[PDB]
Amino acid sequence: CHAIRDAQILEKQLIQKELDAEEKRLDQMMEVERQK
Amino acid sequence: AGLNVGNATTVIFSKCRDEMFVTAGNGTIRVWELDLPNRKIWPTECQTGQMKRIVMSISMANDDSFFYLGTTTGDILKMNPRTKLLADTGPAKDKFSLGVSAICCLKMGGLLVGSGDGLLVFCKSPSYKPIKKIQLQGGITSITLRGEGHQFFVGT
Amino acid sequence: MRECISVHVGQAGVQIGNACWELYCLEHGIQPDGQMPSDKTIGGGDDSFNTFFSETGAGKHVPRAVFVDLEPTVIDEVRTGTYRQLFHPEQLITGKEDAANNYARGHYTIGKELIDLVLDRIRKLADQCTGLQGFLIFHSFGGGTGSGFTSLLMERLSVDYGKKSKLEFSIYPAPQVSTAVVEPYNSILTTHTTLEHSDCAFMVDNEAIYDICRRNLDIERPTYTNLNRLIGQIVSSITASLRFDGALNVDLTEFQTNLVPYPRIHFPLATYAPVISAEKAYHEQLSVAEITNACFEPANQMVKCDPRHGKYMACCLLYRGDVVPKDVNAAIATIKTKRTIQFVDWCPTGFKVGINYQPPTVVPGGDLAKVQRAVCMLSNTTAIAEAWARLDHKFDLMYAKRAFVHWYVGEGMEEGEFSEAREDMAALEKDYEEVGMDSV
Amino acid sequence: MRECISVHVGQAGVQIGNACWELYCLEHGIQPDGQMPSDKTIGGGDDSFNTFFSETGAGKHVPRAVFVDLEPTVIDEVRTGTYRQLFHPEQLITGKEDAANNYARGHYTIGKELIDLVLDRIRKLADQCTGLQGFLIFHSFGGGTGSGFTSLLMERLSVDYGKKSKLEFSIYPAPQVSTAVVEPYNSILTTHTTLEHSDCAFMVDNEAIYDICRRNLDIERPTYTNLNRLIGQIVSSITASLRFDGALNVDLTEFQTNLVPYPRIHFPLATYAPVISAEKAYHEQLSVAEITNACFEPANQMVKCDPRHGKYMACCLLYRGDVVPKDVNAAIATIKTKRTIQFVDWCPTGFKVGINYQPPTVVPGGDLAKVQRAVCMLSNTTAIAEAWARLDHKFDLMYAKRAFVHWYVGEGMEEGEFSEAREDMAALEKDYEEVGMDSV
Amino acid sequence: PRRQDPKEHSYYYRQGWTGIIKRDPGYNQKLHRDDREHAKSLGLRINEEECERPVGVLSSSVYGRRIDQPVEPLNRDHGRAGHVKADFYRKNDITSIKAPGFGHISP
Ligand SMILES: Nc1nc2c(ncn2[C@@H]2O[C@H](COP(=O)(O)OP(=O)(O)OP(=O)(O)O)[C@@H](O)[C@H]2O)c(=O)[nH]1
Ligand SMILES: Nc1nc2c(ncn2[C@@H]2O[C@H](COP(=O)(O)OP(=O)(O)OP(=O)(O)O)[C@@H](O)[C@H]2O)c(=O)[nH]1
Ligand SMILES: [Mg+2]
Ligand SMILES: [Mg+2]
């Protein structure tokens, strides 16, 4: 039980990590559109 | 085996590790092919005309040409695994006894064919006619080869 | 030693011929050179090729066919196609001056000038035969060299060859789509040529297969080449017991003593069950229960007829491929329970089966997928009389004010023949509602 | 093991079915290509798929389902999605025009254009089924075809298939939040067919699910995907005993007679107990009592209707995982002795316990932490009558001014049916307040 | 005409089509008409183009992204394997009135 529940956090981390990596670029995107 | 046909009791491999071949006591001559990535096998029933037979022994050539059958009728069936068809039937007349229970294809175009009586026969491909006959006691169940084939040991 | 001769007459018949002979060569292992290589030979001989082909010593198998059409363009395509070294040079009888759509052109002018030539090559082909069991005919029911030209053959084959099963595979004019404006007219004028000088007549429409390859094969916007192959698969299922091996081989006279109830009621239907496409074939089980059920659905009939508007009189189920004979009787028992297939008072059994042991063969570049299990359902129903009646109505309108008659009575005949051909149709209909009445 | 097909109708129903069939194929082992990586020979053949899957021979397992939506956007995304090889193209029936959030063009005008094709395709699945138990129909009460086309299915499946346990998984609209404006109309005009030929109408509103995801599952800003994953685990205990073994195996016909006391009263709730996220899953022990207690609690329910202001009449409690029977019947005993949870006098018995041996499989990327002992409760209480009453107030307000009617009547629907659905709801509300008085 | 600064200048993770820098008469067999070349999304590779992105643009591809990262090895023990239909019913041999024959080694 402790095994893949430990894995489950690491997947939830990876979902939120890349969702943040998604939203950081969209911040960088809407910046560059405004920069022009 | 198919649902229309019966049950299979023999297996053999080939000179490439993807072919696997089964015969039956009910005629399920099927040349399979192995498909590791999808983890499945793919059969192909071999057409032999209207010759439904009962066969109990398999041997193949050393250069993966043709596979050889020994039937209960006393008939050597040679068929192609590359066109899935028959090539040559056995002795026309003077057929064997209680069915051929052991076949061992040599490195040549020949074959040591046994019987249910002990009539070990070395015959060639086109006629399947005896060349040198010696009667063994007991029905021949195993024909091995000592490698090169000069000293073949027959079990009954 | 069970031969059949195919007589492809007219434009469509040769066009069906180029699709059917493509299929026949595959099944029996014949290359377009007419040769069978050693690799695709069952050890020794096979004997399953002589029904449609014939050996000529050197190793050349020639078709047992007669291609005749009164213009060169279609036949010259066969002479200059891939099968130029398959068909014999004399069995491609041509002549010039096409019978531009007119039954009179067939049965008066350009028909008698060529009819002695075609019957000689039929005589030569049927003298090489040992076990000739029928005359397969492929005409068009709309044109001049179709309904018109085959009207000479069947009225001369019947007096010459006498007792032989004359099976017809033809193209009937569709309910709403039609190429020529003379099509309904030239379909009832050939009914004095298919009711008496014939044995059977496999009706096929145009609109039906257009919907078949629209809802099963997903080949919307098709052409004739696709349609003629599916009709070609029908013949290959009917004439399959004569060549291959199986459990119940239904021979051609086996076929007709079980199909044709009354001497004049002989117009059956046709369905091929696995008309599935390629990507949808893997996405199906394709067992015997549903393919037998897929024959009786009113959307897979090869002629635009509702089968639920009539009564199935005689039926026959020619299974092709790996079919165990238990599950057919289970499939028959289901269709005996469903109310929508009402049979008749006078036939308690009403089912013939044929179990072949060869899977269908796919054209290399075709649409029908590798199915290892088929059945061809041929049904004599009372529901084909409305397909008769629909073209009767198209006739009476264009008859009444005499129109497109001067082209037709002009090249040699009498005005009277219209009424007797119409009366023959009316007598053809009168039997069909008569046979489909319950008796007390 | 027996079979059950699942007819998903509506944008909601197929998106619930997107999360359902993702869970379904994971439990058995079918990959998105449609093939199982282990064969039936390897495993001592496990026909657990048969309830929702059907083999074709090449190992191509098949969802026993029919996705239908009359507008082509939410069905083309599953013919282009990752599960595009798994489904069948004929199963994914779609139309051209929208129902446009209108009952009239779901049942009368637009719905008749595809009612033939779906009823043929239900027949294709039903024929190859041998033990077809129930129709698991997924839809939402607050839209178009989910309000429309499903009503035409409910009438047609009862005339065709009769007694075959027409269950119904449904999405009720919420008290306060709503994604439509015309939603009160098409939520009580379709409940005619719900209190007609439908034997167990499972209920979920969207609003309660958001609260579960926030409180228990600890995600703010939830989307519609997490709301559908909860529904998928609801089915997977309802169809767990049909697929996996257990101590007290409970069939789909068992559910009805253990939950419907009277023929009108057939509306259960649904509650999944151990629905917590992984970070607070190391934290709680989660044996058996806290989850038996969990479904019996207000802030774990899946419908915005509190059971405390109402009386229970039937409650089947389905368990999965490592559930030991003594732990149940002690948890049964301790919760039957609580005053706030009231049971009506004509149910002295209490609960229907169902024990299963398969722990719930977690969806990778899903929220729900794995629990080795789970509960899916299907209650039946008088407290659902306030859920019917809140839209009754909302319907009566925007019908007395005759608002948003010219979209309805001008689309093939009579005005009189509106008043008929008005009196029909009064009867059902009068029935629920009637069945819950204590006669003394 | 957007010349599309490379990669990280779109909401779709793509550079875009290079495009065309004669129309052959083709009677092909999959689509309704000739002027709707992408009617049933034949030629549209939207799933494969969504598998190169981290996060897909449609809010329906989230069903089935992490399916190839299994978190749980499936415990395939408590199943419903059919034994009465598979160990009672034989296929076809009629063995009971057949001889033991070739290879009938008994325990
Ligand atoms: N399925 C199918 N139908 C065809 C084909 N060719 C013609 N037809 C149909 O048959 C009908 C009759 O046309 P033809 O085949 O030309 O008949 P015909 O007797 O050869 O006509 P003529 O050559 O002018 O004398 C047409 O209206 C078509 O609908 C074909 O290749 N396949
Ligand atoms: N459970 C669940 N319900 C949903 C979901 N999406 C929408 N709904 C509900 O469904 C209702 C509308 O969806 P549908 O009934 O499917 O609408 P529709 O079938 O597309 O109607 P038309 O576009 O007119 O054909 C909304 O009021 C929501 O409450 C979902 O993803 N899950
Ligand atoms: Mg012509
Ligand atoms: Mg929609």
# chains A, B, ... in the order shown; residues from 1 in each chain; ligands from 1
>>> interface_residues(of="chain E", to="chain B", cutoff="9 Å", atoms="only C-alpha atoms", output="list in words")
residues 91, 92, 93 and 102 of chain E
>>> closest_atom_pairs(of="chain E", to="chain C", cutoff="9 Å", atoms="only C-alpha atoms", output="Markdown table")
| residue | atom | partner | partner_atom | distance |
| --- | --- | --- | --- | --- |
| E:27 | CA | C:222 | CA | 8.6 |
| E:28 | CA | C:221 | CA | 8.8 |
| E:29 | CA | C:219 | CA | 5.3 |
| E:30 | CA | C:219 | CA | 5.8 |
| E:31 | CA | C:220 | CA | 7.0 |
| E:32 | CA | C:220 | CA | 6.1 |
| E:33 | CA | C:221 | CA | 7.8 |
>>> calpha_fit_rmsd(fixed="chain C", moving="chain D")
1.0 Å
>>> residues_near_ligand(ligand="ligand 3", cutoff="7 Å", atoms="only C-alpha atoms and all ligand atoms", output="list in words")
residues 10, 11, 69, 70, 71, 98 and 145 of chain C
>>> interface_residues(of="chain A", to="chain E", cutoff="9 Å", atoms="only C-alpha atoms", output="VMD selection string")
chain A and resid 4 to 5 7 to 8 11 18 to 19 22 25 to 26 29 32
>>> residues_around(residues="region 297-309 of chain C", least_positions_apart="5", cutoff="6 Å", atoms="only C-alpha atoms", output="MDAnalysis selection string")
chainID C and resid 204:205 208 270:271 383
>>> closest_residue(among="C:336, C:40, C:320, C:373", to="chain B", atoms="only C-alpha atoms")
C:40
>>> interface_residues(of="chain D", to="chain A", cutoff="8 Å", atoms="only C-alpha atoms", output="number ranges by chain")
D: 278-279, 282, 365, 369-370
>>> write_last_selection(atoms="C-alpha atoms", output="short mmCIF file (atom, residue, chain, number, x, y, z; two decimals), in the first residue's frame")
data_model
loop_
_atom_site.label_atom_id
_atom_site.label_comp_id
_atom_site.auth_asym_id
_atom_site.auth_seq_id
_atom_site.Cartn_x
_atom_site.Cartn_y
_atom_site.Cartn_z
CA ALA D 278 -3.28 10.45 -1.88
CA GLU D 279 -1.71 13.01 0.46
CA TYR D 282 -1.39 8.01 4.26
CA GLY D 365 -3.79 10.57 -13.80
CA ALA D 369 -6.11 7.34 -4.17
CA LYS D 370 -6.25 3.58 -4.07
#
>>> interface_residues(of="chain B", to="chain D", cutoff="8 Å", atoms="only C-alpha atoms", output="PyMOL selection string")
chain B and resi 38-40
>>> write_last_selection(atoms="C-alpha atoms", output="PDB file, in the first residue's frame")
ATOM      1  CA  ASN B  38       1.619  -7.854 -30.680  1.00  0.00           C
ATOM      2  CA  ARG B  39       2.251 -11.116 -28.749  1.00  0.00           C
ATOM      3  CA  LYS B  40       0.135 -13.364 -30.990  1.00  0.00           C
TER       4      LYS B  40
END
>>> residues_near_ligand(ligand="ligand 1", cutoff="9 Å", atoms="only C-alpha atoms and all ligand atoms", output="VMD selection string")
chain C and resid 9 to 16 69 to 71 98 to 103 105 to 106 139 to 149 170 to 174 177 to 180 183 204 to 207 209 223 to 229 231
>>> interface_residues(of="chain C", to="chain D", cutoff="12 Å", atoms="only C-alpha atoms", output="PyMOL selection string")
chain C and resi 215-218+276-277+279-291+293-294+297-299+331+334+372
>>> residues_around(residues="region 77-83 of chain E", least_positions_apart="6", cutoff="8 Å", atoms="only C-alpha atoms", output="PyMOL selection string")
chain D and resi 1+44-48+243-245+357-358
>>> residues_around(residues="residue 356 (chain C)", least_positions_apart="4", cutoff="9 Å", atoms="only C-alpha atoms", output="mmCIF file with N, CA and C atoms, in the first residue's frame")
data_model
loop_
_atom_site.group_PDB
_atom_site.id
_atom_site.type_symbol
_atom_site.label_atom_id
_atom_site.label_comp_id
_atom_site.auth_asym_id
_atom_site.auth_seq_id
_atom_site.Cartn_x
_atom_site.Cartn_y
_atom_site.Cartn_z
ATOM 1 N N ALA C 240 -19.689 -22.680 -56.823
ATOM 2 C CA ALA C 240 -18.588 -23.132 -55.986
ATOM 3 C C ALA C 240 -18.647 -24.610 -55.644
ATOM 4 N N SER C 241 -19.835 -25.217 -55.657
ATOM 5 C CA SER C 241 -19.947 -26.630 -55.315
ATOM 6 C C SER C 241 -19.450 -27.518 -56.448
ATOM 7 N N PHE C 244 -14.979 -26.946 -55.895
ATOM 8 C CA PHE C 244 -14.260 -27.176 -54.649
ATOM 9 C C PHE C 244 -14.906 -28.325 -53.877
ATOM 10 N N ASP C 245 -14.379 -28.605 -52.692
ATOM 11 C CA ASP C 245 -14.867 -29.666 -51.828
ATOM 12 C C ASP C 245 -15.579 -29.085 -50.614
ATOM 13 N N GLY C 246 -16.540 -29.835 -50.096
ATOM 14 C CA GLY C 246 -17.313 -29.342 -48.979
ATOM 15 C C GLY C 246 -18.156 -30.417 -48.337
ATOM 16 N N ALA C 247 -19.121 -29.974 -47.531
ATOM 17 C CA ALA C 247 -19.995 -30.874 -46.794
ATOM 18 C C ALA C 247 -21.325 -31.143 -47.478
ATOM 19 N N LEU C 248 -22.010 -30.107 -47.988
ATOM 20 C CA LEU C 248 -23.181 -30.285 -48.851
ATOM 21 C C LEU C 248 -22.948 -29.487 -50.129
ATOM 22 N N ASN C 249 -22.464 -30.166 -51.161
ATOM 23 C CA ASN C 249 -22.276 -29.502 -52.439
ATOM 24 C C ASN C 249 -23.601 -29.420 -53.187
ATOM 25 N N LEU C 318 -26.054 -20.889 -49.504
ATOM 26 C CA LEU C 318 -24.797 -21.485 -49.952
ATOM 27 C C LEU C 318 -23.659 -20.876 -49.142
ATOM 28 N N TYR C 319 -23.244 -21.565 -48.080
ATOM 29 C CA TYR C 319 -22.177 -21.081 -47.207
ATOM 30 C C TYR C 319 -20.833 -21.369 -47.862
ATOM 31 N N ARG C 320 -19.951 -20.380 -47.854
ATOM 32 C CA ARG C 320 -18.619 -20.549 -48.407
ATOM 33 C C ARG C 320 -17.588 -20.212 -47.342
ATOM 34 N N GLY C 321 -16.761 -21.184 -47.000
ATOM 35 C CA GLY C 321 -15.722 -21.011 -46.010
ATOM 36 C C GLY C 321 -15.902 -21.960 -44.845
ATOM 37 N N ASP C 322 -15.167 -21.679 -43.773
ATOM 38 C CA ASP C 322 -15.175 -22.547 -42.603
ATOM 39 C C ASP C 322 -16.490 -22.405 -41.849
ATOM 40 N N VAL C 323 -17.454 -23.262 -42.181
ATOM 41 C CA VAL C 323 -18.749 -23.294 -41.512
ATOM 42 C C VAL C 323 -19.024 -24.707 -41.014
#
>>> residues_around(residues="residue 157 (chain D)", least_positions_apart="4", cutoff="9 Å", atoms="only C-alpha atoms", output="list in words")
residues 119, 122, 152, 153, 161, 162, 164, 166 and 197 of chain D
>>> closest_residue(among="D:2, D:79, D:84, D:96", to="ligand 2", atoms="only C-alpha atoms and all ligand atoms")
D:96
>>> residues_around(residues="residue 84 (chain B)", least_positions_apart="2", cutoff="8 Å", atoms="only C-alpha atoms", output="number ranges by chain")
B: 31, 44-47, 79-82, 86
>>> select_by_dssp(residues="chain E", states="alpha helix (DSSP H)", output="PyMOL selection string")
chain E and resi 46-50+84-87
>>> decode(residues="region 272-299 of chain D", atoms="N, CA and C atoms", output="PDB file, in the first residue's frame")
ATOM      1  N   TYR D 272     -19.959   7.144  -3.237  1.00  0.00           N
ATOM      2  CA  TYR D 272     -18.715   6.414  -3.068  1.00  0.00           C
ATOM      3  C   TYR D 272     -18.010   6.884  -1.798  1.00  0.00           C
ATOM      4  N   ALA D 273     -17.745   5.939  -0.902  1.00  0.00           N
ATOM      5  CA  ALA D 273     -17.282   6.296   0.435  1.00  0.00           C
ATOM      6  C   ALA D 273     -15.809   6.695   0.520  1.00  0.00           C
ATOM      7  N   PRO D 274     -14.819   5.830   0.164  1.00  0.00           N
ATOM      8  CA  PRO D 274     -13.440   6.163   0.537  1.00  0.00           C
ATOM      9  C   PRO D 274     -12.777   7.077  -0.473  1.00  0.00           C
ATOM     10  N   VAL D 275     -13.481   8.125  -0.877  1.00  0.00           N
ATOM     11  CA  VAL D 275     -13.026   8.943  -1.985  1.00  0.00           C
ATOM     12  C   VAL D 275     -12.154  10.082  -1.452  1.00  0.00           C
ATOM     13  N   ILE D 276     -10.880   9.773  -1.231  1.00  0.00           N
ATOM     14  CA  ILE D 276      -9.922  10.726  -0.693  1.00  0.00           C
ATOM     15  C   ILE D 276      -8.673  10.695  -1.561  1.00  0.00           C
ATOM     16  N   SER D 277      -7.929  11.792  -1.523  1.00  0.00           N
ATOM     17  CA  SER D 277      -6.724  11.946  -2.321  1.00  0.00           C
ATOM     18  C   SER D 277      -5.519  11.379  -1.584  1.00  0.00           C
ATOM     19  N   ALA D 278      -4.414  11.248  -2.322  1.00  0.00           N
ATOM     20  CA  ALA D 278      -3.279  10.446  -1.876  1.00  0.00           C
ATOM     21  C   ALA D 278      -2.536  11.050  -0.693  1.00  0.00           C
ATOM     22  N   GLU D 279      -2.433  12.377  -0.639  1.00  0.00           N
ATOM     23  CA  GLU D 279      -1.712  13.007   0.461  1.00  0.00           C
ATOM     24  C   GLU D 279      -2.456  12.824   1.780  1.00  0.00           C
ATOM     25  N   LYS D 280      -3.786  12.912   1.761  1.00  0.00           N
ATOM     26  CA  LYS D 280      -4.559  12.523   2.932  1.00  0.00           C
ATOM     27  C   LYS D 280      -5.048  11.081   2.807  1.00  0.00           C
ATOM     28  N   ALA D 281      -4.155  10.186   2.387  1.00  0.00           N
ATOM     29  CA  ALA D 281      -4.487   8.769   2.287  1.00  0.00           C
ATOM     30  C   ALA D 281      -3.458   7.952   3.050  1.00  0.00           C
ATOM     31  N   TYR D 282      -2.251   8.504   3.205  1.00  0.00           N
ATOM     32  CA  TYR D 282      -1.386   8.008   4.263  1.00  0.00           C
ATOM     33  C   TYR D 282      -2.004   8.278   5.620  1.00  0.00           C
ATOM     34  N   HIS D 283      -2.881   9.270   5.706  1.00  0.00           N
ATOM     35  CA  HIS D 283      -3.298   9.836   6.974  1.00  0.00           C
ATOM     36  C   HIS D 283      -4.396   9.032   7.660  1.00  0.00           C
ATOM     37  N   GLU D 284      -5.490   8.755   6.962  1.00  0.00           N
ATOM     38  CA  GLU D 284      -6.587   7.994   7.545  1.00  0.00           C
ATOM     39  C   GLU D 284      -6.317   6.494   7.469  1.00  0.00           C
ATOM     40  N   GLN D 285      -6.762   5.736   8.475  1.00  0.00           N
ATOM     41  CA  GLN D 285      -6.564   4.289   8.482  1.00  0.00           C
ATOM     42  C   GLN D 285      -7.449   3.563   7.480  1.00  0.00           C
ATOM     43  N   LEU D 286      -8.718   3.962   7.385  1.00  0.00           N
ATOM     44  CA  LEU D 286      -9.695   3.452   6.419  1.00  0.00           C
ATOM     45  C   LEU D 286      -9.913   1.942   6.550  1.00  0.00           C
ATOM     46  N   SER D 287     -10.472   1.519   7.690  1.00  0.00           N
ATOM     47  CA  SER D 287     -10.739   0.088   7.749  1.00  0.00           C
ATOM     48  C   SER D 287     -12.086  -0.308   7.146  1.00  0.00           C
ATOM     49  N   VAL D 288     -13.183  -0.253   7.913  1.00  0.00           N
ATOM     50  CA  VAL D 288     -14.505  -0.585   7.372  1.00  0.00           C
ATOM     51  C   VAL D 288     -15.576   0.351   7.935  1.00  0.00           C
ATOM     52  N   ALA D 289     -15.374   0.824   9.162  1.00  0.00           N
ATOM     53  CA  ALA D 289     -16.451   1.532   9.845  1.00  0.00           C
ATOM     54  C   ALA D 289     -16.585   2.968   9.365  1.00  0.00           C
ATOM     55  N   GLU D 290     -15.455   3.652   9.220  1.00  0.00           N
ATOM     56  CA  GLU D 290     -15.380   5.022   8.732  1.00  0.00           C
ATOM     57  C   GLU D 290     -15.899   5.194   7.308  1.00  0.00           C
ATOM     58  N   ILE D 291     -15.939   4.141   6.499  1.00  0.00           N
ATOM     59  CA  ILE D 291     -16.470   4.224   5.141  1.00  0.00           C
ATOM     60  C   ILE D 291     -17.923   3.784   5.085  1.00  0.00           C
ATOM     61  N   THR D 292     -18.328   2.886   5.978  1.00  0.00           N
ATOM     62  CA  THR D 292     -19.745   2.603   6.144  1.00  0.00           C
ATOM     63  C   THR D 292     -20.417   3.867   6.666  1.00  0.00           C
ATOM     64  N   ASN D 293     -19.728   4.575   7.560  1.00  0.00           N
ATOM     65  CA  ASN D 293     -20.169   5.866   8.072  1.00  0.00           C
ATOM     66  C   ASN D 293     -20.110   6.963   7.016  1.00  0.00           C
ATOM     67  N   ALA D 294     -19.219   6.826   6.030  1.00  0.00           N
ATOM     68  CA  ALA D 294     -18.970   7.902   5.074  1.00  0.00           C
ATOM     69  C   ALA D 294     -20.144   8.140   4.132  1.00  0.00           C
ATOM     70  N   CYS D 295     -20.726   7.064   3.593  1.00  0.00           N
ATOM     71  CA  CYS D 295     -21.856   7.206   2.677  1.00  0.00           C
ATOM     72  C   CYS D 295     -23.083   7.751   3.392  1.00  0.00           C
ATOM     73  N   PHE D 296     -23.180   7.494   4.687  1.00  0.00           N
ATOM     74  CA  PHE D 296     -24.276   7.882   5.557  1.00  0.00           C
ATOM     75  C   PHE D 296     -24.176   9.315   6.053  1.00  0.00           C
ATOM     76  N   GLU D 297     -23.217  10.073   5.550  1.00  0.00           N
ATOM     77  CA  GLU D 297     -22.881  11.424   5.950  1.00  0.00           C
ATOM     78  C   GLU D 297     -23.320  12.430   4.890  1.00  0.00           C
ATOM     79  N   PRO D 298     -23.763  13.629   5.294  1.00  0.00           N
ATOM     80  CA  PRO D 298     -24.170  14.637   4.293  1.00  0.00           C
ATOM     81  C   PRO D 298     -23.075  15.056   3.327  1.00  0.00           C
ATOM     82  N   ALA D 299     -21.900  15.440   3.819  1.00  0.00           N
ATOM     83  CA  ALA D 299     -20.888  15.963   2.909  1.00  0.00           C
ATOM     84  C   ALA D 299     -20.023  14.859   2.316  1.00  0.00           C
TER      85      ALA D 299
END
